[PDB]
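Keep in mind that the numbers below use all heavy atoms, side chains included, and drop hydrogens, waters and symmetry copies. When a residue number appears, it is its place in the shown sequence, counting from 1. Start at 1 and go down the list; that is how both ligands and their atoms are numbered.
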Amino acid sequence: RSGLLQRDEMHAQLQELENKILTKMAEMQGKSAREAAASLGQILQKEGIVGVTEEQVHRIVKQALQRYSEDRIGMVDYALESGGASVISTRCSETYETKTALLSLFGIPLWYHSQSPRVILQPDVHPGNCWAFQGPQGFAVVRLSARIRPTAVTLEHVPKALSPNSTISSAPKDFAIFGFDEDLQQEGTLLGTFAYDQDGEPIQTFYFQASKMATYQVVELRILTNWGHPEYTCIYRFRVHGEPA
Ligand SMILES: [Mg+2]
């Protein structure tokens with residue numbers, strides 16, 4: 001219409017179509033760039049109407065080929081929502097509603113919206129699927145899917161290349177992990193203090209001191225600092241690993 005970027009109706013399906021394509025691409029990360037484009041042309045020919053150009057599909061493929069970053073984490077995630085874990089709503093920082101204009105797979109700029117604390121327990125970590133709170137300090141409390149002996153923690157953020165302004169300044173920096181013996185404790189035990197490295201890999205794993213046998217089902221992620229973003233901090237995914245009791 002105007003060509004203006006705005007929260008229009010065209011914006012709706014275009015976002016819906018985008019990460020619908022993305023969840024399909026991971027299945028063909030081991031396929032040729034030529035083979036991938038042919039398949040993508042058929043999911044388009046499964047719902048979309050127009051027979052897309054031969055290279056236009058190929059370009060979406062080339063673009064989608066770096067919305068993928070390797071996930072080598074094979075450990076059980078006891079903070080995974082679909083596994084039975086949940087974010088304790090009343091025990092989280094106030095959700096900060098923020099948005100960023102970024103380029104989608106189709107080249108069209110889209111407003112990407114920040115979500116509820118729930119998404120930090122969700123595997124989808126595409127740009128925007130993160131929970132933001134105001135300032136460099138915040139916290140989220142998670143009830144794990146099972147009572148475990150915590151042994152490690154995994155924190156990930158979007159890659160720099162897909163991040164707003166190609167910097168990662170909104171990523172958490174120094175953080176602490178707390179364990180709560182029950183849901184009725186509100187006297188946390190400090191499991192460990194770490195720092196998410198902005199210059200490191202998107203996915204980073206941190207392990208605790210391996211001699212304390214304390215058992216937990218409730219865990220707090222407390223962000224102490226971020227990587228310089230003066231307005232907010234957002235978390236893409238928080239994982240909790242350990243041994244089942
Ligand atoms: Mg997520």
Side-chain angles (χ1 to χ4, degrees), residues 15 17-27 64 66-69 71-89 91-105 110-134 136 138-145 152-164 167-173 175 177 194 196-198 200-206 219-223 226-227 229 231-241:
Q15 250 194 5
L17 173 61
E18 185 193 18
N19 80 311
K20 153 172 273 294
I21 292 177
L22 282 177
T23 54
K24 171 59 187 177
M25 226 55 180
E27 306 188 72
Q66 207 255 317
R67 309 256 176 156
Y68 156 78
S69 190
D71 186 308
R72 307 296 158 176
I73 307 305
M75 311 166 298
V76 178
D77 179 21
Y78 296 99
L80 187 62
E81 162 163 87
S82 61
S86 70
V87 153
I88 304 180
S89 311
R91 296 178 63 179
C92 294
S93 305
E94 271 235 323
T95 301
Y96 186 81
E97 303 276 55
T98 190
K99 66 173 187 176
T100 306
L102 302 175
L103 294 187
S104 60
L105 302 184
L110 295 178
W111 288 117
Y112 286 92
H113 293 280
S114 69
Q115 313 291 321
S116 302
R118 183 162 75 261
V119 298
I120 77 174
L121 307 188
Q122 300 180 350
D124 190 329
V125 288
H126 295 297
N129 207 72
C130 57
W131 163 68
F133 55 84
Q134 200 173 23
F139 69 100
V141 173
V142 179
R143 187 175 203 280
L144 310 172
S145 55
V153 118
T154 298
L155 200 51
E156 65 186 290
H157 201 259
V158 66
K160 284 172 171 164
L162 303 185
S163 188
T167 80
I168 218 65
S169 59
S170 78
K173 190 172 188 171
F175 66 98
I177 307 301
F194 318 93
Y196 181 84
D197 182 26
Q198 81 163 341
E201 310 291 333
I203 306 177
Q204 291 169 24
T205 295
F206 309 86
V219 164
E220 172 185 356
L221 168 66
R222 178 171 321 178
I223 312 302
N226 68 18
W227 272 102
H229 204 294
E231 196 171 62
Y232 64 89
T233 304
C234 54
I235 316 300
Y236 276 82
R237 169 112 175 257
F238 175 60
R239 309 192 211 185
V240 177
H241 319 281

For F238, all residues meeting ring pair (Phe, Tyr, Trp, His ring centres under 6.0 Å), sequence neighbours excluded: none
Around the Mg ion (ligand 1), number of protein N/O/S atoms which are nearer than 2.8 Å: 3
Quick test of your reading: applying salt bridge (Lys or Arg N to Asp or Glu O under 4.0 Å), list the pairs with at least one residue in residues 75-85, sequence neighbours left out, ordered by first then second residue. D77-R237
With a 3.5 Å distance limit and no angle check, can you tell me whether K160 reaches the backbone of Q198 through a side-chain donor-acceptor pair? yes
Would a distance-only check, ignoring hydrogens and angles, find a side-chain to backbone donor-acceptor pair under 3.5 Å from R67 to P127? no
With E220, which residues qualify under side chain to side chain contact (heavy atoms under 4.5 Å, CB included), at least two apart? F139, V141, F178, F180, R222
Taking the inter-plane angle between the rings of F175 and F206 on a 0 to 90° scale, is it parallel (under 30°), tilted (30 to 60°) or perpendicular (over 60°)? perpendicular
